[PDB]
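In: with the input below, show me the fold.
(5 chains)
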Amino acid sequence: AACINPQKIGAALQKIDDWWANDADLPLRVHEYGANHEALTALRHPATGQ
Amino acid sequence: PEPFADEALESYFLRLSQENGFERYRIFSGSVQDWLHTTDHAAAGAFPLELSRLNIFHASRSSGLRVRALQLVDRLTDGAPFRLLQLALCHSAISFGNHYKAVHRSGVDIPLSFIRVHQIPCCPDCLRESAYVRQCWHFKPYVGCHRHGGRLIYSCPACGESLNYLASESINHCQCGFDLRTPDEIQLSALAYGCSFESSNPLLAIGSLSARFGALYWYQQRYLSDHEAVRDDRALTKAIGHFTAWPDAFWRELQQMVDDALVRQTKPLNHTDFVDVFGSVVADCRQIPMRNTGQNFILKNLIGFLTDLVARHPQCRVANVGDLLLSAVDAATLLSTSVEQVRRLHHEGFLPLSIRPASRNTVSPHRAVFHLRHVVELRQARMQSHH
Amino acid sequence: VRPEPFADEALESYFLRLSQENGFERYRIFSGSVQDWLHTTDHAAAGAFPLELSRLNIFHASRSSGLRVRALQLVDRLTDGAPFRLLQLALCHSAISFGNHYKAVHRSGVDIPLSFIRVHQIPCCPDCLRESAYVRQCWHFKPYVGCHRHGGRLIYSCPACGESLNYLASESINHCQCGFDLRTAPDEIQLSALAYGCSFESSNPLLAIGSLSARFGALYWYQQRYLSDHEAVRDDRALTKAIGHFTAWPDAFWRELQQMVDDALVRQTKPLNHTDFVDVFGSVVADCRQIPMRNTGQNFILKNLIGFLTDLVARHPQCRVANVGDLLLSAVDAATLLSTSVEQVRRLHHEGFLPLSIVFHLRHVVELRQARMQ
Amino acid sequence: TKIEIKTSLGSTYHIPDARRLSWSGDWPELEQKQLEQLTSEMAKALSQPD
Amino acid sequence: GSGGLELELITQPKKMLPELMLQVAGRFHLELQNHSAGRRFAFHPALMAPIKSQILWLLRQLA
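Out: Numbers count the residues shown, from 1 in each chain, chains lettered A, B, ... in the order given. Next up is the structure itself:
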C-alpha cells in the first residue's frame, strides 16, 4: 500500500514557529537555528544571539 | 583685476601677471614662483611654472600644497578663502561609470574625455567686448556659440600658424598673427554652458548639466562606434534628433534582441544568464552618475520595459523569458541601492536564491543567481519612494 | 463587467462595488470564489489571497507581499475589459523608512507617515455619498477633519442610534447594521481639510509648501514636538495649534531657541568647552531629518536653525574662556549643518579647513559654513 | 476534504470541510468551538502524567 | 629521476597545476585550522578571494 512516512506527518504538525523579527508571515518548523529550506537561509543564525 | 563669473582659472592668473606689468617669462617665473618660495618653500615646490600644468586635474598627490599657494594669493590680492577655489577643476569623488576619470567644477562634473585639452578656439565677437579667455570653450561638445549671429567659433589656424593661449600666453593676438577681429543645429548643442530651455518635449531637453553631459557620453559609446575622426562637432550634433522619438523607439531596440536571441537558444531558459540576452544594457545605466529614477531617465525607461515584459509572460509548465538569472550587482542596479543592501535583503528572507552552491565556498557578486520575475515584483512591492 | 472607476477611491471600496455588480450577495462568498478560481493556475498566488476584507490591502503583508501583488494582477487580467491597473489604488511600504526615521506607506507619489492612518472607525460624508456612493481615499487620513465641500463641518464617527461607523467591518456602503440610511442627514477646520489637495492661497505662514509629502512631514514634526499626547487623544487639536505656531514663526522660533540656550547657560555647571552640542540643543538638528526634502527651499526648519546658529556664534567670538560656540559637534552633525557628507567633512579636516578639538566646535562649523559654502 | 477525530476519552470531532481554515483569522462558528475543546484535551495530555 | 596527493599531484605536468588551486586553498585553511593562532582566521569570508588569487598567481608562475 502507498503511505506517508512518520516524520513527514510530524514535520507538518510542529510547524508553529512564528516568534521571530516581529513579523508573523508563515511559521517555521521548529529548529534550533531557525532553518528555512525554501529560501535556503536561517532566521535564528547564531550570529544574532537569537 | 576682478574675476569674471564665467572665467577660467588660468585666464585670471594671466591677466593678473600682466596687469602688474609682469609681462616677460623671467618675471612670470619670478613674480610668481620666487615670491611663493619666500613665503614658504612648499608653495613653490608644488608649483611648476608652465600654464597648462597649473590646474588641479593635471596634478598628482600633493594637491593641498598647491592649494596653499592659492591661499597665499587670496591674501596678497585681498580675497576670500574660496574665491579662486570656486573656479578650479578637481578630481571628482564620483566614478561616472566603469571607473572613468571625471572632473569636478563647483557642482558640474564632466568626464575626462570631454575636456578640450589642445587647440582652444575663440569668438572675436565676444572678445572685443571683454578680452579674457572664457570658460565653456574647453569643452569638446561645444562648437559655435549662443548669440553673436551664431556661426563657428573661430578655430585654431587663424593665419597659417596653429593657435592656443597656453603655449603662447596672449589674448588678442598670438605669435606671428594679428589682433583677431577677423547649418543651424550647433546653437542647440552649444547649451552645455547652461540649459535655458522651455517646451522641452524630448527627454534630453530637461535637467541639471551633469545629467545632460552623461546622456551624451552614453549615446556616443553606443551609437558612434566608429573610431575617432575628431568630428567633434558633427559626430555629436545628431544626438538631439535621435532622442525625439525616444519614448517610443527604445523599446523596439530592446524588443528586437529578445527575438534574435530567442532563435539562437541552446539551453532551457531557466538556466540562461540574463546577460546572454540583453548584452549588459543594464550596466550602461551606471554611466549617468545619479542613482534615483526620477532624474536618471535612461534607467527609468529600461525598468518600464522590463516590468511590461514580465507582465505578459506569467509562469507555466515550460520555462519562458522572465526566468533569466541576475547577479548580485544587477539587482543592486535595478533596485537603486548598493550591493551590501541586497545581501542584507537576502539574509532576511525577502527573496529566494536559485542555485545551490558547494560547501566551504561563497557566491561572488558576479555569479548569476536570482530570477528576473522575483526582482521586478519585489521592487514594485516594497521599494518605491517620492523620487 | 467592470463598474465606473474613480481616481479618488480606496482599493477596498472598489472591490466591494465590483463583487456586488456581479450578483454576489456578500463579500465572503465572492472572495471564496476568487480564492478557488486561482487554484486553477497558480497555487502560491492562491495561498496569498485572504478571504476577509479587513486584510486585503498590501501594506498589511510582511514577506508575502510579493505573491500578493501577483495575485492582484491575475484578477485584473481575468476580469474582462482591463485597461487599468488596480495597483494604483493601494498602499505600499515606502522606501524612506530605512534608518527608522519613521514608518511610512506610499501611494501614487506621496509618502504618508504611518501614524496618520485610521484604524478602528471611519467617518464619512452624506452630502458626497448621495451624489456618488463610494468611499474616498482621503477619509483614511487623520488630518482630514471636516469635508472640504458642502460646508463640511463636524463629520461624525457615529451616524445614528448606538453604533459607530466602520464600513470595512460591517461590509456596507449605504447602511449601517441597525438600518440607518447613512445618506440621510469651526469655520477654520478647512485650513486642514485642504490637505486633500493642498491648493492654498499665498500667505505669510511657513506651511505654504507645494510638495504634499513635505506638508505631512511638517505636521508630523509639530505633533512629535508639541502635541505630545502624554495626556490625550488628538482628534483635531492640530487645527487650533499648528496654524498659529507656523504663523508667529519669525519670532516664535527664535524665542524658543534663544530661551533654550540661555536657560542652558544658567544650568551650565561644567566648563562649557567640554559640553556637547546636543547637551544644549536637544537634538533639534537630528529632527531636521524627518522632513523628506533636503534642499533649503523646502526644509524651512533647518533653514531657520541655521539663521539662529549663525547669529548665536557671531555674537560670541573666540576668547580666553570657554563660551558659546565652543560646544562640540560630531562629523555627522557638522555634515548635517554643512549639507554635506561625512567623508567630505573628513576631507575638510584632512585638508586643513578645520581642526580637531580632542570633535569640532560649533564656532568652527558656523565659520567654515559662512566662509566656504556659499 | 472531511476530517474526523476520535479519542481515548470518548470525544469525537468533525470538520465538515477542511479547505477553508487559515493560519490567521477567525474560524466560522461551531468549528471555533471544537478547536477549543480539542485544545483542552491536548493541554492536559501535554502537562499531567499518567 | 608514494601515492599521496600532495606528492602525486605535483609530480604531474606543470600545465595542470592551475586546476589544483581550490584544493590548495582548502588545505591552506585546514592548516590554519590546525594551528593555535589560525583558529581566528581559517575559513573567514574576508580572506577567501585574497588567498585564492595569490595562489592562482603562484601556480601560473609555476606553470
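
In: CA atoms for contacts and neighbours, from now on please.
Out: OK.

In: all strands for chain B, in order.
Out: Using DSSP state E, the strands of chain B run over B:90-91, B:102-105, B:108-111, B:325-327, B:368-371.

In: any idea which of these gets closest to chain A?
Out: strand B:368-371 (11.4 Å; C-alpha to the nearest C-alpha).

In: for the strands of chain B, give me a markdown table that also has distance to chain C and mean neighbour count.
Out: Shown next, in a markdown table, are the strands of chain B (distance: least, C-alpha to the nearest C-alpha, whole Å; neighbours: other C-alpha atoms under 10 Å in any protein chain shown):
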| stretch | distance to chain C | mean neighbour count |
| --- | --- | --- |
| strand B:90-91 | 13 | 18 |
| strand B:102-105 | 14 | 20 |
| strand B:108-111 | 16 | 20 |
| strand B:325-327 | 18 | 21 |
| strand B:368-371 | 13 | 22 |
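
In: distance check, residue B:201 against chain C.
Out: 22 Å (C-alpha to the nearest C-alpha, to the nearest Å).

In: now the strands of chain B as CSV including distance to residue C:82?
Out: Putting the strands of chain B into CSV (distance: least, C-alpha to C-alpha, whole Å) gives the following:
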stretch, distance to residue C:82
strand B:90-91, 53
strand B:102-105, 48
strand B:108-111, 46
strand B:325-327, 31
strand B:368-371, 27
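
In: so which of the ones you listed gets nearest residue B:15?
Out: strand B:102-105 (20.9 Å; C-alpha to C-alpha).

In: what's that closest one packed up against?
Out: strand B:90-91, strand B:108-111 (3 or more C-alpha pairs under 8 Å, 6 or more residues apart in numbering or on different chains; DSSP states H and E).

In: ok, residues contacting the shortest one?
Out: Read that as strand B:90-91. Applying C-alpha atoms under 8 Å, 6 or more residues apart in numbering or on different chains, the contact partners of strand B:90-91 are B:56-57, B:101-105.

In: try it again with 6 Å
Out: Here strand B:90-91 makes contact (C-alpha atoms under 6 Å, 6 or more residues apart in numbering or on different chains) with B:56-57, B:103-104.

In: now the last one
Out: Counting contacts by C-alpha under 6 Å, 6+ apart, the residues outside strand B:108-111 that touch it are B:102-103, B:210.

In: mind checking how far it is from the chain centre?
Out: Remark: strand B:108-111 is offset 4 Å from the chain centroid, using C-alpha atoms, centre = their mean, to the nearest Å.

In: can you show me the helices along chain E?
Out: Remark: helices assigned in chain E by DSSP state H are E:5-11, E:21-33, E:48-62.

In: quick one: closest of the ones you listed to chain C.
Out: Of all these, helix E:48-62 comes closest under C-alpha to the nearest C-alpha, at 26.8 Å.

In: what about residue 46, how many residues nearby?
Out: Defaulting to chain A. Other residues within reach of residue A:46, judged by other C-alpha atoms under 10 Å in any protein chain shown, total 11.

In: please refer instead to chain D.
Out: Neighbours of residue D:46 under the rule other C-alpha under 10 Å: 8.

In: now do the phi/psi pair for it.
Out: Main-chain dihedrals, residue D:46, degrees, to the nearest 10: phi -80, psi -20.

In: tell me how far it lies from residue D:35.
Out: 16 Å (C-alpha to C-alpha, to the nearest Å).

In: same check, this time on residue B:336
Out: Distance of residue B:336 to residue D:35, computed by C-alpha to C-alpha: 48 Å.

In: okay, these two: which has more neighbours?
Out: Taking other C-alpha under 10 Å, residue B:336 and residue D:35 do not tie; residue B:336 has more neighbours (17 against 13).

In: just read off the phi/psi values of that one.
Out: Torsion angles, degrees, to the nearest 10, at residue B:336: phi 50, psi 50.

In: could you dump the helices of chain E to a markdown table with mean neighbour count and distance to chain B?
Out: As requested, the helices of chain E are exported to a markdown table (neighbours: other C-alpha atoms under 10 Å in any protein chain shown; distance: least, C-alpha to the nearest C-alpha, whole Å):
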| stretch | mean neighbour count | distance to chain B |
| --- | --- | --- |
| helix E:5-11 | 11 | 20 |
| helix E:21-33 | 16 | 8 |
| helix E:48-62 | 15 | 8 |
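
In: may I see those helices organised as TSV, with distance to chain C added?
Out: Listed next are those as TSV, based on distance: least, C-alpha to the nearest C-alpha, whole Å:
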stretch	distance to chain C
helix E:5-11	49
helix E:21-33	36
helix E:48-62	27
